[PDB]
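Just so you know, all these numbers are worked out from the coordinates, no wet-lab data involved. Cβ placement follows ideal geometry from the backbone for every residue including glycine, while neighbour counts extend to all protein chains displayed.
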Amino acid sequence: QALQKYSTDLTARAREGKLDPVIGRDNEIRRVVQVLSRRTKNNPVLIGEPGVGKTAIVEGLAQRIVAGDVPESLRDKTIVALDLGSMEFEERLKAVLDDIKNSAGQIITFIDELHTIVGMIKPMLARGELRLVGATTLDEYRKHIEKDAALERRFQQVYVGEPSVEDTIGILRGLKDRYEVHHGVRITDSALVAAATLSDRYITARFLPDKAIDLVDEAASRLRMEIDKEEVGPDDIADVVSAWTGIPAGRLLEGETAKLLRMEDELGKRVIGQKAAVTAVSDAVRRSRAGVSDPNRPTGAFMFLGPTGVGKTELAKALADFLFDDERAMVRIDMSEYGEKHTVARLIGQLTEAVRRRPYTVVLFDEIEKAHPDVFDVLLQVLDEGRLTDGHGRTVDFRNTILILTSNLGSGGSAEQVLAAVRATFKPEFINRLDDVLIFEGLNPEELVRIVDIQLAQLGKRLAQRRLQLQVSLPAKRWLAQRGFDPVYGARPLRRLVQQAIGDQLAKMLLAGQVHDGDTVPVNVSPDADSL
Amino acid sequence: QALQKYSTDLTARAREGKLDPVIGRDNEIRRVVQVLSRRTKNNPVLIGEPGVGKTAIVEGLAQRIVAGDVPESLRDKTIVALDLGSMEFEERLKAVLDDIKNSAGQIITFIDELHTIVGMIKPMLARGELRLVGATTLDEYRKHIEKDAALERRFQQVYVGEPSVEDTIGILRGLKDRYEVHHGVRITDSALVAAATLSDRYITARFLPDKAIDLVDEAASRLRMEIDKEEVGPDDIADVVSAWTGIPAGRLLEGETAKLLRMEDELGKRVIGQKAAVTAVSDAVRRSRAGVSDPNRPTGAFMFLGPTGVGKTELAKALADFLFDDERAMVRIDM
């Protein structure tokens, strides 16, 4: 009788249909019924990454008990959900345990989020009297419970993994009716495919099904606001995923075959030349979207190097541009700081807990020369297996990210002077695990004019606040090429040449008068410098 | 009936015109109406740096409800502002919650400054019965609420950012009539541009619109003192921003193209020579006031070095002299 005062009653709420219907997952329900009906030590624990549905399994168990699909010795045993917040203390707990044990096993207790239970129940668990069902996250478990190894021997870990898209479409078709009643709007199953398809290539921070329910909910709310078009559709889902995450401007809907047909030429609008090392980067993407890729390997793990000032960092930020519609959603770590043997621990982690959220980001590794040859040992099982560990004991899978390695070794080797210098620092067990080692060339003064066009278009887009168009003639536009010189420092001194020629006198003539908004500022070739 | 004794009633004060008119910000009002009318977990939280107007949004919502521009299932639902200072304790709180739940959702509760609520409402929030609107500062939130992550899952963060000058001019044109009645003086819209323009390059400690209302208020008060010139103007605004912060003496009126035309030669009255390294410092200021600067970069980040005893610290205190009219308003850290 004392459990009336310190508990809810899920069976009493289930007997009036006040629970959301649980669709899917026969295996976990059968596993819970298998574990909960053994003789001794009969108390499972649900464990998984958050959001995949763990309360939903216990509510589905309550639905299946009240329906009656269970075996014989599980029928009509109410699930009394306990508390520890609402609950002299030791007297109260002993009264609760005495009231449970006084019954004939007719009660299944349910402590949700039992990682707070650490802060006298220990002999009662192992004898087998009180049946206990729980739910933890995977990473509060190893911090609060696995520290206390006397307790955790008396449980049964039931892992729950996230589904794929194909089951989520069925879940969304199941739960369609509940939101149409609360918000008085109709929902079309044409949009219900897109709200799960499009929520995987864009929102890569949370886990699955709960993320693909917030879109339907917020779209229905926006439609109720507009009805303050009588049904939702595939456009308002895109409106929500634009206005949140600001992805609308970043590649408004993409990922078709019309795109991937033009990728060697679409990427050329920001990288000029280097043609033999775009036809290979443009190939590990097409063969991974056709389904020919090796299912236990990263989709592409290749290392390109060469002289400086060539475009080897600009390329690895340009192929992260149409995959993500942004340029800051990539894992950019810099190994120019790991000179000693004990900076392994900052990524084993800073590398780890930025992938496990959204397992699709491209990863940089800038200037891998300066790392001591101990960081390569950490990197060795990243390649060719795809998994590493950390303190909590989880094996994070790098099976579908695009690793990219940069270097500057040799920097001017003829044909094999640059290639045999790689063999000095890298042990042959690391050169073997890579893909095709790409060499960038220098730059040709024939292919150096168009970089000036790109730079001046960039400076034109910088002055969009002032609406300040500027006119550049072709003799000046080829005058800037000839000071682009001395192929040791690459195209980088051109981007100081532009700010020494145009930007100085423009910045002086901008803040003293005679240049205002909407005006046109032409440049003209004075016999040495550039005039205004 | 118990809410009569532990609450105010903003709707009852709004029904006699006793609230200052709320002008601007359609987006936040539409966002609050969107969040407050969902099915479950329907309780927003307004969050922003202080002074940008967060009570003003809830008072604008009350104005828009009493007017009637809302949708159908938000009409005639009074906003009863609760308290926790004026409020045996658990009995009293359960009486309040029972009185709220006894209605049919006809009441929108309003706990202002809800970061004191930590020190039994937890099941009532997630079911969706009591509608709750709040307002925290951005930096008391992460100290009092984000420590207690079971609570903060049941809210909806609605960020509110400060406006620019262009909307503040409209706000000041809106609220011009209210101070002309309390202080019996006229206010000229010529000065009303300057009281927002000049309050951005000088007073850089508080945030926006509330800072540009104190100048109009204290200027009207000084003019009432002198009438103990029949209207305020662009001079007394400058008098206030002189007498407070002592900026009046430090450059009487800062800004213009006549100034920035002479900056390589005006700066030479305190630094002699070094001519090739004043024509570059005098360039990151002119190109940043013309609008050619890169909008995501500091306007100038340059490093100068050399031998000792040359003037490399005297220069960096001389270009902080005509921008600020002082020489001590700079962030001088020493590494």
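Suppose we look only past 16 Å in the calculated P(r) of the stretch A:340-423. What percent of the Cα-Cα pairs does that tail hold?
60 percent
Which log10 I(q)/I(0) values, to two decimals, does the stretch B:267-335 give at q = 0.18, 0.21 Å⁻¹ under the Debye formula with one point per Cα?
So the normalised log intensities work out to -0.83, -1.11.
If the stretch A:94-192 were replaced by its equivalent ellipsoid, with semi-axes equal to the square roots of 5 times the Cα gyration tensor eigenvalues, what would those be, largest first, whole Å?
39, 19, 12
What Kirkwood radius, in Å to one decimal, follows from the Cα pairs of the stretch A:261-412?
Averaging 1/r across every pair of different Cα atoms and inverting gives 16.5 Å.
So what's the Cα pair-distance distribution over the stretch A:174-267, bin width 10 Å, in %?
Distribution as computed: 14, 44, 29, 9, 3 percent.
About the Cα centre, and with charges only on the beta carbon of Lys, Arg (+1) and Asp, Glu (-1), how big is the dipole of the stretch A:274-404? Nearest 20 debye, please.
Dipole magnitude for the stretch A:274-404 comes out near 440 debye.
Applying 1/(1 + (r/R0)^6) with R0 = 22 Å to the Cβ-Cβ distance of residue A:245 and residue A:321, what FRET efficiency is obtained, to the nearest 0.05?
0.90
In bins 10 Å wide, starting from 0, what share of all Cα pairs of the stretch A:342-484 does each bin hold, as a percent?
Taking every Cα pair in the stretch A:342-484, the percentages come to 8, 27, 22, 20, 17, 5, 0.
The stretch B:225-291 to the stretch A:379-396: how many Å between their Cα centroids?
60 Å
HN-Hα J couplings of the stretch B:53-62 from phi, Karplus 6.51/-1.76/1.60, θ = phi - 60°, integer Hz, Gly and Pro as x?
Whole-Hz 3J(HN,Hα) from phi for the stretch B:53-62: x, 10, 5, 5, 5, 6, 5, x, 5, 5.
Using the Cα atoms as the points, what is the convex hull volume per residue of the stretch B:222-309 in Å³?
So the per-residue hull volume is 181 Å³.
Select from A:406, A:349, A:258 the residue farthest towards the positive end of the dipole of chain A; place +1 on Cβ of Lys and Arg, -1 on Cβ of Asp and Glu, and compute about the Cα centre.
My answer, from the dipole projection, is A:349.
Could you sort out which of A:5/A:101; A:341/A:370; B:18/B:229 sit more than 23 Å apart by Cα distance in this structure?
Flagged as over cut-off: B:18/B:229.
Apply the a/c threshold of 1.5 to the C-alpha gyration tensor of the stretch A:1-48 and tell me whether it is rounded, prolate or oblate.
Taking the square roots of the gyration eigenvalues as a ≥ b ≥ c, the stretch A:1-48 is oblate.
To the nearest 20 debye, what is the magnitude of the charge dipole of the stretch A:1-57 about its Cα centre, counting +1 on the Cβ of each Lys and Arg and -1 on the Cβ of each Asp and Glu?
Result for the stretch A:1-57 is approximately 320 debye, rounded to the nearest 20.
Largest first and in whole Å, give the semi-axes of chain A's equivalent ellipsoid, each being the square root of 5 times a Cα gyration tensor eigenvalue.
Those come to 59, 31, 21 Å.
With each run of n ≥ 4 DSSP H residues scored as -39500 (n - 2.57), what mean residue ellipticity at 222 nm is computed for chain B after dividing by its residue count and rounding to the nearest 500 deg cm²/dmol?
Value at 222 nm, helices only, nearest 500: -10000 deg cm²/dmol.
For q values of 0.10, 0.19, 0.20 Å⁻¹, compute log₁₀ I(q)/I(0) with the Debye formula on a Cα-only model of the stretch A:6-144, without solvent.
For the requested q values the scattering log ratios are -0.33, -1.30, -1.44.
Could you please rank A:182, B:182, placing first whichever residue has the fewest other Cβ atoms within 10 Å of its Cβ?
B:182, A:182
Find which of B:156, B:108, A:471 sits farthest along the positive direction of the dipole of the protein assembly as shown, computed with +1 on the beta-carbon of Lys and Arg, -1 on that of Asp and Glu, about the Cα centre.
Positive-most Cα among the choices belongs to B:156.
Which value, in debye to the nearest 20, describes the size of the charge dipole of the stretch A:362-494 about its Cα centre when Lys and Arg Cβ atoms bear +1, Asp and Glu Cβ atoms bear -1, and nothing else is charged?
The dipole magnitude comes to about 1080 debye.
First measure r as the distance between the Cβ atoms of residue A:230 and residue B:67, then evaluate 1/(1 + (r/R0)^6) with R0 = 35 Å and state the FRET efficiency to the nearest 0.05.
Calculated transfer efficiency: 0.80.
Let me know the whole percent of all Cα-Cα pairs from the stretch A:6-85 that are separated by more than 15 Å.
Result: 60 percent of Cα pairs exceed 15 Å.
Tell me which of B:302, B:238, B:199 sits at the most positive position along the dipole axis of the stretch B:167-325, charges placed on C-beta atoms (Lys, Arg +1; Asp, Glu -1).
Going by the charge dipole, the pick is B:302.
Give the span of the stretch A:46-123's Cα atoms along each principal axis, as three whole-Å numbers ordered largest to smallest.
41, 34, 22
How are the C-alpha pair distances of the stretch A:393-459 spread across 5 Å bins, as whole percents from the shortest bin up?
Per 5 Å bin, starting at zero, the Cα-Cα P(r) for the stretch A:393-459 comes out as 3, 10, 16, 15, 13, 13, 12, 10, 5, 2, 1 percent.
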